[PDB]
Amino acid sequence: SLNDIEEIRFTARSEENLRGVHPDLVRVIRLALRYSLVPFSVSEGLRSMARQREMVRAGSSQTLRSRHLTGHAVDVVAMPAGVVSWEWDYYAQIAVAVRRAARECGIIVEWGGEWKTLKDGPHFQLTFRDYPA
């Protein structure tokens, strides 16, 4: 399938799941697709209120307030060689690309890999300070 794909990027998959995300975050993530050594897609951009309610009920979020509800966050999924992986180092590499793209765009993007506790690689968001809601 991918033997002749000299540089693997999941552009189309990502752009589809970026629909409805804040345009400034979209711009950063699109640039990060160019820079990342690790292919990735956006597995979740906009999240419904019902999904967030389900997460609160189940205990995977404390609050119904989520940056995903308003367009201010994405969860990425690492796709090395077209295969999903959850291994940390892939997400650290994606975050290098996001950090570069963000800097170039003059936008701070917070990464879940730098949460104070329970670090998790997929999550990126625009800050509440810069992008209130």
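Numbering starts at 1 and runs along the sequence shown.
Looking only at CA atoms, which has the higher mean B factor in the entry: 81 to 89 or 49 to 57?
The stretch with the larger mean CA B-factor is 81 to 89.
Looking at the entry's B-factor column for C-alpha atoms only, identify whether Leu25 ranks in the lowest, middle or highest third of its chain.
Lowest third - that is where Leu25 ends up once the chain's C-alpha B-factors are sorted.
C-alpha B factor of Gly121, ranked within the chain: lowest, middle or highest third?
Highest third of the chain for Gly121's C-alpha B-factor.
Lowest, middle or highest third: where is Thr63 by C-alpha B factor in its chain?
Within its chain, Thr63 is a highest-third residue by C-alpha B-factor, going by the deposited values.
Divide the modelled residues of the chain into thirds by Cα B-factor and specify which third, lowest, middle or highest, holds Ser41.
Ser41: CA B-factor falls in the middle third of its chain.
Lowest, middle or highest third of the chain for the C-alpha temperature factor of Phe10?
Middle third by C-alpha B-factor.
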